[PDB]
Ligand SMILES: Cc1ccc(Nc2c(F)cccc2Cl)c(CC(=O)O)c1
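Next up is one chain by itself, shown in structure tokens, the form deposited without this ligand.
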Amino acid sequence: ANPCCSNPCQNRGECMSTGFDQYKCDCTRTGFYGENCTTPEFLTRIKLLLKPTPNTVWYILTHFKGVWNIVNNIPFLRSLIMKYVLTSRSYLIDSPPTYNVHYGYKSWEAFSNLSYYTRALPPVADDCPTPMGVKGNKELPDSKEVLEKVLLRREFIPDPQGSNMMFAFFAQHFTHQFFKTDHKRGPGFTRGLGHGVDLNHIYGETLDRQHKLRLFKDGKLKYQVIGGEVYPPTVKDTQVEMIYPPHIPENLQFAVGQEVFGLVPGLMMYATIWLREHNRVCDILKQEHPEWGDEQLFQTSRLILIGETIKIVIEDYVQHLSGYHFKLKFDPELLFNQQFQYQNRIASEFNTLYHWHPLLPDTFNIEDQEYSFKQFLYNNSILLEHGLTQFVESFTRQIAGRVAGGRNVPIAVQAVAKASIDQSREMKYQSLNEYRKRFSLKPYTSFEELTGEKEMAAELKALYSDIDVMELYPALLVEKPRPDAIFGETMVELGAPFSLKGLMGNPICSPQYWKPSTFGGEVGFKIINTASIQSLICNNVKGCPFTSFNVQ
């Protein structure tokens, strides 16, 4: 019934009903006008014929290694490039946020209520004839069918970019501070009221949880010593709630910021690393400031670790999966003369695209042993023995799965992968081609153009019938990968704007915060600005083992 169900407004113009069967497009500040915001203005037609495709820009970024070697060694040139990639990725994101799962129009409820994941595209209205608006059948194809035919793993397909388990667990650990779905309320709801990098997965979301985790001495986090090694404290000791099956012994019920980090030893490994890092920074800050009390030591350390995180995420993590020869750089100052909002709201689609299930291996290989999922889940005794030591060394060695390309979702987590599809439909996501348009990408004209092959393309065409009906999440895992890349075009071009917004939108990146006294002076500032995944491990893991997000 809703006349806006067909999504008739193009180029990010907004649709509004004006009658029971009539609509209007608001073309304000789109660069276009006309009934559907499709006829371009003069300056717009100039930009459109000058803006290179994302695949072209990707090509330039991933080739000419010698040229980028010169550029990377020229500070003013490097900063200039990093500035551009920052600003253009940012303008793609609505900030302050607009829609959520219950509001396909701007409202104060949608803006103010921090319990919602925001939304990059409004939901399809409930009174639309089809799930995607007006196209397709009354029901989307059977999600079991999609899952089994084009997503499930026959045999392991390794990432050609060489991502390892250090990367995969880092991705899970890091993003689980802002992907905290409130399952009581629904998939479109979050428990992460910070909506970004606040390290609540280390420090707890609430003050009460934080204080239970605190030592209240020298700014430090509580911990225990097992075999001369430092590990998180137990549930019995701190009384903080953790999720654990009942058969788990008390001495292994480790207590950390995120309640669910006890379920994967890979998570607990990073939880331990960061706990050691915080207490390390406390020691440094106490050395510099003997006059400081516990509270200032703790807070400043936390601000420093927030900095380290953002540093490591941009210059190691995002650097690795980008495949760029250009050396990405964390430098807040690059935005000081730019128009930029120091705020973020985490989008539901950013949650959805991050369901990187095919990253997981068939078995978790730690030195001699090869563990199954059942052996690996809720099992921290694995962590203890092999250690922080062998865990880093082993996870650095083991290859991870390719995400795009199709048919690489491990069978164990098929329930989780089906859930991703079903919840996307529950939240009334628009089609793949809609999101591609929302992010300045050309819509696919066939399933073959999407997959880059024929077998899976034919399978999808039988299921969905029309390419404009194809859903975002399955397309992300079945999309044609870039040449020897882990990802297709859609994943990168959606993920990068969301990610950099989250990273740079942090208050510590704002001019009033980005100065040495915020971090206890030059020494604390230095810890931020020289952070790396390697130094993170080196300072806190015994023996300083080598590490990387890629297989050696």
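All residue numbers refer to positions in the sequence shown, first residue = 1.
Form solved in complex with this ligand: not shown, discussed below.
Figure legend: unbound chain with this ligand modelled from its position in the bound PDB entry by local C-alpha superposition. Site open, with zero ligand atoms within 2.4 Å of backbone or C-beta atoms.
In the bound PDB entry, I508 stays away from this ligand, with no heavy atom inside 4.5 Å.
Looking at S322, you'd find a heavy atom of it within 4.5 angstroms of this ligand in the bound PDB entry.
Contact annotation for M491: at least one heavy atom lies within 4.5 Å of this ligand in the bound PDB entry. For the chain shown alone, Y317 is a contact residue for this ligand in the bound PDB entry, at least one non-hydrogen atom being within 4.5 angstroms. By the 4.5 Å heavy atom rule, the three marked residues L297, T300 and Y513 all fail to count as contacting this ligand in the bound PDB entry.
Site annotation in the bound PDB entry: the residue of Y203, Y435, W274, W356 reaching within 4.5 Å of this ligand with a heavy atom is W356. Listed residues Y99, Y464, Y231, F174 were compared with this ligand in the bound PDB entry; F174 is the one with a heavy atom within 4.5 Å. Only one listed stretch (218-226, 346-354, 125-133, 277-285) carries heavy atoms within 4.5 Å of this ligand in the bound PDB entry, and that stretch is 346-354.
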